Amino acid sequence: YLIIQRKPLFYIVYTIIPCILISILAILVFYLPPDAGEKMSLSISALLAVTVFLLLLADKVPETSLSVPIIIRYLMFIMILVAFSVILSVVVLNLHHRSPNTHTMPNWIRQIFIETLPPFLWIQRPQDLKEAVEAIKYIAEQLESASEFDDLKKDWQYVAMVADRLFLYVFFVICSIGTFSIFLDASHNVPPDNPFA
Amino acid sequence: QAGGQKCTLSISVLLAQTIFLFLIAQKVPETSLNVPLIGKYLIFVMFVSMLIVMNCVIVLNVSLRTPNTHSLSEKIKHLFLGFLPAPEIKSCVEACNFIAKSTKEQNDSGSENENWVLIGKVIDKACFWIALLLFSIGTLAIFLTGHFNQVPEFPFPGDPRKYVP
Amino acid sequence: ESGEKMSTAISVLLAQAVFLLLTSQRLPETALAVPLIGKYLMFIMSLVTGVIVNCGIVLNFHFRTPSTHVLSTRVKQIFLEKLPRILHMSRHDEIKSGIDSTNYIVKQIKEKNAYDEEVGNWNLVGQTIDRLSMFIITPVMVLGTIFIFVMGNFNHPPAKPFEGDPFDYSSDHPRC
Amino acid sequence: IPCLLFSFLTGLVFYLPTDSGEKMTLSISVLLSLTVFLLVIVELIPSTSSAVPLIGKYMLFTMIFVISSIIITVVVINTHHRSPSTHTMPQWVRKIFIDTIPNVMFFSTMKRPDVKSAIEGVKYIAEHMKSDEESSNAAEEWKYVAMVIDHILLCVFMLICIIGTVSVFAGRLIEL
Amino acid sequence: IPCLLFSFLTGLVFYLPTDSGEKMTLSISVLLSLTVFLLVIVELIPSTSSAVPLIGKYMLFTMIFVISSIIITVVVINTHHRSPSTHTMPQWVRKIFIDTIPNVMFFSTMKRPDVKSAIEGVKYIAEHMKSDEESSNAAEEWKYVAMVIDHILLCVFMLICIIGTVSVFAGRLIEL
Ligand SMILES: *[C@@H]1O[C@H](CO)[C@@H](O[C@@H]2O[C@H](CO)[C@@H](O[C@@H]3O[C@H](CO[C@H]4O[C@H](CO[C@H]5O[C@H](CO)[C@@H](O)[C@H](O)[C@@H]5O)[C@@H](O)[C@H](O)[C@@H]4O)[C@@H](O)[C@H](O)[C@H]3NC(C)=O)[C@H](O)[C@H]2NC(C)=O)[C@H](O)[C@H]1NC(C)=O
Ligand SMILES: *[C@@H]1O[C@H](CO)[C@@H](O[C@@H]2O[C@H](CO)[C@@H](O[C@@H]3O[C@H](CO)[C@@H](O)[C@H](O)[C@@H]3O)[C@H](O)[C@H]2NC(C)=O)[C@H](O)[C@H]1NC(C)=O
Ligand SMILES: *[C@@H]1O[C@H](CO)[C@@H](O[C@@H]2O[C@H](CO)[C@@H](O[C@@H]3O[C@H](CO)[C@@H](O)[C@H](O)[C@@H]3O)[C@H](O)[C@H]2NC(C)=O)[C@H](O)[C@H]1NC(C)=O
Ligand SMILES: CCCCCCCC
């Protein structure tokens, strides 16, 4: 019998460190403002990169179906995490580009995302003359109407910011917990002290 | 315009074609007597995507032209838009008329950019009816040529026999 | 103002991932050492991930508004006054109705201009963060690359095998 | 599972607004991820031509799904950026997409000497302002149409993804 | 042939105006496609270190060409969004790129109580409009400079692609 322990430094580097960085990126995208338009780029490029790592790893994993190696479970975890980052970035961008002309803000969104959460997340925010006078009155009324429209736009954008920060914290927590629960499961796989033989 | 993502789509399709080229290169023999059909078609679609990247770049250049950079001529518009298809009161009045003049100037510049945009859309529709035809015809010719490459009827052309039991 | 910072950086990281892929299928899966090239790949991928994080911070600052953020005097002192100097950066009811209406228009226009002024200050803060990150990273990138690849280029073999043997084991100069 | 994720994400570009210049980014990057995964697949599964397996049927279904997603996305972007100067909204489109489907939904949050020069200028300004308001109303109607279409297609594509992963993997799975 | 396509596109990005946030997208995607093509080259090309082949010189050439295009693209983009508030156009910039070069560019086809507060507010509006028009003229000068540089580099890079696909493949092709 030959009880042999593997030295995974190669796999550590070539698959785990890149995935650590990708998972970092999948948390950052929630720190980005939707006004940039660089959010989908980040999220979906991270997904493409973890797909590249999957390709890398294809030619190096046993093709047996009695179990899934912790490495492929970790890669699928990061892949689904990036997927959910994409979904939630889409949601944030939807909320950010919402307006009264398209959406009516309900009361549960308002309550949750403007009253309850922001404290936790630390955000807290004579004919000619007659014509001329009527024209200037029209201008002023248009400007005040647009001010109200912008106020509602800003309420939607604040909802988006709050959801973004909540998702940031949630994703940091989830990624960290899963990564460390997978790495601890892997560090406690040590050959027995007696080989039973 | 910013957000349309023409070049994004085009160049990403080129990237996908490059990946497909890498995938095919893992499957074709390494002989240099004839070019196979799938590699020929990959080259064709890559050339087509290159030309369409060029066209998108040109349409973005034309649609985004301004009086500061380029002058729009009567002949260009006719070739595209017409053929192919007291001291206080004195201060008050001065300020008001200056405001109106500035507004008018801004809006006229806007109209000029709009004309450029429509020129671009016209070029775009024409270039589309050309690209659809080109790509479809290339694809179809190549692949029906493949479909028509069928084994002869006789094992030896001249020999009338089938050489079968 | 060009939505191309994160695109640039993350596409660079994708290229680096491709190079990592090409490298992974050139060496054996041994664990007695990290290959110099894999060392450099990890270093540079981490540095580019940091570049991406920094560009994200810069964008966050750039796109702040009085409606969502406050321009603390500390941040002004830091990223508009002090560091730029260090980094060496470049620089009759009807008539009454009409009167009240023009006054309201002026009020709103002044508010909008204050808004835009604070937005410009946030943008300058972003530019300062940007030059800082440049002057901190670009040297690091260049110097780490040079360090690694001279440490690699200066790995000539020992010029004499069998450490405790002055003999060169050469056909030219035998011993006896 | 990766092909499932790609399908699910293709059924999602329809919750991504068009004011966000990122729909093509998302869709075509899903397509790129699926192409790299096509590489993976060809490396893993067999190159048999005896028949079309389930992996192949599902991959081609997913690819056609992404292509249809991209095509309808382009249609939506073209409707959204449909200028009123050159396109007047039909009446059937307004009756269906603005007036019927919004209500047919319940789950959504959608809606349902000199002085004469001064007078001349202010009147010009107001006239131009109301013209701009009319153009904006038309453009917003187009945006609303595009958003309604997007919601519809979101539902449709999520449903297709579900019934597809079930159909392509039901006949045999129950037999097992 | 793919290297030819990539070099042509590299030279091509310089006809794309910065107004469209897609110069970096285009250049960097050309770079990504060329990196994937390096990936296939590594599989179809000998992995020997005795000499640089002709294809290897050509590949390195097109890669440096793409990368230089990206760098100069960044410089152009910055020259575009070069605000007057922080940078002032020097003398050589408006002497070469505005008074000399546009004149020797033939393939260009480019240009060569409360009543009192009311009047005070109108005057403030005029003040802000004047200052904004001045700053806007400055920004337009910067944009014109960027456009001229972009045209110059378009020409330079097309010519470099020509002489590069000819040089690398001329001496050998005449020995034949
Ligand atoms: C798949 O590939 C195979 C080849 O591997 C193809 O087979 C070829 O098919 C051709 C057409 O059926 C054949 O052409 C016919 O060849 C025969 C025989 O030719 C040989 O003998 C000739 C006569 O020799 C005498 O006379 C000479 C001149 O006076 C003297 O020098 C010699 O000593 C003798 O006294 C000779 O002249 C010739 O050079 C050959 O040695 C001819 O009789 C027919 O007229 C040819 N034409 C036809 C219509 O048959 C060809 O020979 C044959 N090659 C082989 C290797 O069998 C097959 O067709 C392919 N199937 C496909 C593509 O589907
Ligand atoms: C490595 O593999 C070998 C062979 O598969 C393992 O040896 C086998 O271990 C099992 C479980 O301990 C033995 O079965 C048990 O043996 C004891 C002996 O006292 C008996 O009392 C139990 O009732 C049961 O039969 C088996 O005999 C033994 N030998 C073989 C060849 O199977 C070995 O345990 C493995 N080592 C590790 C680290 O897993
Ligand atoms: C190439 O590899 C060979 C071995 O395959 C090396 O020769 C051996 O090197 C080892 C380690 O230096 C020597 O062991 C040492 O021996 C001395 C003297 O007893 C002792 O003081 C040290 O503590 C150590 O144990 C070994 O003697 C030597 N010889 C053989 C045949 O193994 C050789 O050095 C390598 N050359 C190079 C340039 O790497
Ligand atoms: C007194 C007229 C002010 C004009 C303001 C114009 C706002 C667009």
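Proteins get letters first, then strands, A, B, ... in listed order; numbering begins at 1 in each. Just so you know, ligand 1 is whichever comes first in the structure, and atom 1 is the first atom listed for that ligand.
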- Would you please say whether a donor-acceptor pair under 3.5 Å links the side chains of C:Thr30 and A:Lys7?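 No, A:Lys7 and C:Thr30 have no side-chain donor paired with an acceptor closer than 3.5 Å.
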Closest protein heavy atom (residue, atom, distance) for [atom]:
atom                    : result
atom 34 (O) of ligand 2 : A:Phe196 CB, 3.0 Å
atom 49 (C) of ligand 1 : B:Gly158 CA, 3.2 Å
atom 64 (O) of ligand 1 : B:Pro155 O, 3.0 Å
atom 50 (O) of ligand 1 : B:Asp159 N, 4.5 Å
atom 29 (N) of ligand 2 : A:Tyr1 OH, 4.3 Å

- Of the choices A:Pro191, A:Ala197, A:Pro195, which has the non-hydrogen atom that lies closest to atom 35 (C) of ligand 2?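 Result: the heavy atom closest to atom 35 (C) of ligand 2 is in A:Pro195.
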Centre-to-centre under 6.0 Å for [X] and [Y], is that the case here?
X        : Y        : result
C:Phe162 : C:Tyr169 : yes
E:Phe6   : E:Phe65  : no
A:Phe84  : A:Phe171 : no

- Close N or O approach (C:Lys160, ligand 3; < 3.5 Å):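 There is no such contact.
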- Message: Looking at D:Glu175, I'd like to know if its CD atom is crowded, meaning that more than 12 non-hydrogen atoms belonging to other residues, nucleotides or ligands lie closer than 6.0 Å.
- Response: yes
- Query: To the nearest 0.5 Å, how far apart are CZ in A:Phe53 and OG in C:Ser24?
  - Reply: 11.0 Å
- Is it true that the NZ or CZ of B:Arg161 lies under 6.0 Å from the centre of B:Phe156's six-membered ring and within 45 degrees of the ring axis? no
[atom] protein-contacted (non-hydrogen atom, under 4.0 angstrom):
atom                    : value
atom 10 (C) of ligand 2 : no
atom 26 (C) of ligand 2 : no
atom 18 (C) of ligand 2 : no

- Message: Please determine whether any non-hydrogen atom of C:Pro158 lies less than 4.0 Å from an atom of ligand 3.
- Response: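 Right, C:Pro158 reaches ligand 3.
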